[PDB]
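Just one chain is shown here, as structure tokens, and it is the form solved without S-adenosyl-L-homocysteine.
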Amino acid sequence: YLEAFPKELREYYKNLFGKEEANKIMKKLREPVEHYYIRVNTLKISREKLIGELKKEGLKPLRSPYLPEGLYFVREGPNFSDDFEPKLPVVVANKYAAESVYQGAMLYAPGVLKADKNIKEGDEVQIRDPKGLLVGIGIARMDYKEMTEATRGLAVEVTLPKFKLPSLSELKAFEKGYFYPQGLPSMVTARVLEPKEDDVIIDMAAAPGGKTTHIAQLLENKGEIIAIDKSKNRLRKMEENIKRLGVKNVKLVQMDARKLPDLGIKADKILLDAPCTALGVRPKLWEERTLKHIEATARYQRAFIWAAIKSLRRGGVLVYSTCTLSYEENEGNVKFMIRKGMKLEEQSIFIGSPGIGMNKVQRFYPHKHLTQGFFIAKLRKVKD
């Protein structure tokens, strides 16, 4: 599994966590989340009512003892060994389609990069990503020709994916806005912010609106949430999400959030889900980003951070989060905040790990907490 991570990044991980831990993390990083979490949209439905609806579709949702709005599904797999060499003709899927097949999705024609020319409909085939990673096994629903020519349609019925997560996008319960797929550490982030109806609240990296709509339902559609993102297209999707979830709490604004104080607004609560190297996202088939990206991105984040701090009222609260594992983007950029009049506060919910040489921040590790790599920092602005 180590091959999914560039050499210098592996050393970085060995240096930051210790060889043994780093090897457990990278191993789990290649696999999907063991517990797949969704958020109960309490604006429309209670948790137990939703559970009833999900069980109707043959789904087995489990309750979270920590998050009353939390449900999760248990991941199936692996369904074959890491060294399994199926005696099958090969279908090569592109990068993105291979990742979804890896988690149980069918393989559709536009996801087909190339294939063995002996494949006819009904043939058992193995699916590999462009680098040879075995991600699934199934039955061809197209001949070779149609498979490499169609623009739509089922190409390979995946009957044995490497891993299985429930597909929830196609459910009535989703279309009715009863839930929103969201990770446990992401949900913790929104709780730890502790939004109040009176609070002036800014989500400066809001799209696609996961945490934004979370805050919404926590406020019970009261008050106002300002939600910012770079492109309107990302906001277009978010408007759809907001509509579906029956959220009436959010004001969308399109802008470079690094220029946030250009608004005449001093906020009480600010959530910065900062753009990051995403080193912690799962599943991680091949890690493309590396050390040069960590440094550059860590520097890139500081402009958001500094913008946030200047837009905060005295005694205001900032929640800083990333889905990355690096020190520079996390503990390092919090030390930057501490030098700029921000104080570390205890978080209302702490079920993860402590930080690296750092006490009140919260981390999530895939091997320990069955989640994505995640970082949560809650700060209080004591002075300018």
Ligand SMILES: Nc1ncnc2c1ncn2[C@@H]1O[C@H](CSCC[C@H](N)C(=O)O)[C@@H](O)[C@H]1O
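The first residue of the shown sequence is 1; numbering continues from there.
The protein also exists as the form deposited with S-adenosyl-L-homocysteine bound; that form is not presented, and the subsequent description refers to it.
Proximity of residue 282 to S-adenosyl-L-homocysteine in the deposited complex falls outside the 4.5 Å heavy atom cutoff. The closest heavy atom approach of residue 211 to S-adenosyl-L-homocysteine in the deposited complex falls within 4.5 Å. When contacts are judged by a 4.5 Å heavy atom cut-off, residue 306 does not count as touching S-adenosyl-L-homocysteine in the deposited complex. Mapping the unseen interface onto this chain, residue 230 counts among the residues with a heavy atom inside 4.5 Å of S-adenosyl-L-homocysteine in the deposited complex. Among 275, 77, 86, 261, the residue placing a heavy atom within 4.5 Å of S-adenosyl-L-homocysteine in the deposited complex is 275. Of the residues given (242, 137, 257, 252), 257 alone sits with a heavy atom within 4.5 Å of S-adenosyl-L-homocysteine in the deposited complex. Only one segment in the set 231-239, 192-200, 128-136, 288-296 has residues whose heavy atoms sit within 4.5 Å of S-adenosyl-L-homocysteine in the deposited complex; it is 231-239.
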